[PDB]
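Data block below; observations after.
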């Protein structure tokens, strides 16, 4: 069966309150921006997963991630259904940013919240336009 | 090996007396079940309530998320809870008597001592609470 899956997304903030986004380039050459994150693993808390995923992807250490939002999205093309849980955290070591999954992400960069790219990964787009169940404002 | 966390929907169904509906599983649990591919949380809630209890609800309100590891059954569930008032309370029927002993109304100050773990988490606020139960 094709069951709904649970994804964790992390809005990682730096000292200037910018957020980290990762550029992905598709097979059609289309670019989109996504935050850090990936699949909740069996046995994990949302906060454990967030911390682990951020470290694995970016080399950044975040602390005390805060629950922000839930989105429920079906990806038509891929026939995938994800419930995304978003959390936010400040990183402690922003100068140690490294692209640790360069086959998945072209590059990471910091963006001001008033200067986000347009082409955002669907769940993040939903979050930004508040088409989600929003616990806390991002700011 | 593969054992993905699964998504469950729980509905707190209220009657005109502001009592909630619970039944013994097989602990006391609300209506609910698995989110199916392609469903909104609200669509799932409406369908599950109808299929399990014979009751109509509208505009279910999302209220909380719980994260429950069942270490004996090696199951990991993320539960999404919604609430709603039923419109046809006197039409209550246990339509899946292989899954629930019987349904009964309880005042929130008189809940049974044995609650299904995700519900127990909700009541005790060991959850991510989006809105209050009442």
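Residue numbers (the entry's author numbering), protein chains in the order written: chain A, 2 to 140; chain B, 1 to 26, 33 to 140. From the three backbone atoms N, C-alpha and C, an ideal C-beta is built for every residue, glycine too.
Residue i at chain A interface by Cβ criterion, 9 angstroms
i, result
"residue 73 of chain B", "yes"
"residue 36 of chain B", "no"
"residue 47 of chain B", "yes"
"residue 7 of chain B", "yes"
"residue 122 of chain B", "no"
"residue 14 of chain B", "no"
Cα-Cα separation between residue i and residue j, rounded to whole angstroms
i, j, result
"residue 48 of chain A", "residue 121 of chain A", "23 angstroms"
"residue 17 of chain B", "residue 134 of chain A", "28 angstroms"
"residue 51 of chain B", "residue 38 of chain B", "7 angstroms"
"residue 67 of chain A", "residue 109 of chain B", "37 angstroms"
"residue 128 of chain A", "residue 34 of chain B", "35 angstroms"
"residue 81 of chain B", "residue 3 of chain B", "8 angstroms"
"residue 111 of chain B", "residue 46 of chain B", "27 angstroms"
"residue 65 of chain A", "residue 107 of chain B", "42 angstroms"
"residue 119 of chain A", "residue 26 of chain A", "14 angstroms"
"residue 19 of chain A", "residue 140 of chain A", "10 angstroms"
"residue 8 of chain A", "residue 104 of chain A", "20 angstroms"
"residue 79 of chain B", "residue 96 of chain A", "43 angstroms"
"residue 132 of chain B", "residue 94 of chain B", "32 angstroms"
"residue 149 of chain B", "residue 41 of chain B", "The first residue shown for chain B is 1 and the last is 140, placing residue 149 of chain B beyond what the model contains."
"residue 6 of chain A", "residue 85 of chain A", "8 angstroms"
"residue 62 of chain A", "residue 137 of chain B", "31 angstroms"
"residue 44 of chain B", "residue 70 of chain B", "21 angstroms"
Residue-level contact to chain B via CB, residue i, 9 angstroms cutoff
i, result
"residue 4 of chain A", "yes"
"residue 42 of chain A", "yes"
Neighbour flag for residue i against chain C, beta carbons, 9 angstroms
i, result
"residue 67 of chain B", "Judged by its chain identifiers, the structure shown contains no chain C, and its protein chains are A and B."
Could you pull out every unbroken beta strand (DSSP E) segment of at least 3 residues lying fully inside the segment 93 to 125 of chain A, listed in chain order? 108 to 112
Tell me which residues of the segment 82 to 114 of chain A have at least one Cβ-Cβ distance to chain B shorter than 8 angstroms, keeping chain order. 82, 84, 86
Taking 8 angstroms as the cut-off, does the segment 40 to 60 of chain A touch the segment 114 to 128 of chain A (at least 3 CB pairs, one atom from each stretch)? no
Three Cβ pairs or more, each shorter than 8 angstroms: is that satisfied between the segment 70 to 85 of chain A and the segment 100 to 107 of chain A? no
Contact between the segment 84 to 98 of chain B and the segment 7 to 14 of chain B (3+ Cβ pairs under 8 angstroms): yes
Of all the residues that make up the segment 52 to 69 of chain B, which are near chain A by a beta-carbon distance shorter than 8 angstroms? 68
Contained beta strand (DSSP E) runs [length at least 3] in the segment 31 to 90 of chain A, N- to C-terminal order: 32 to 35, 37 to 40, 67 to 76
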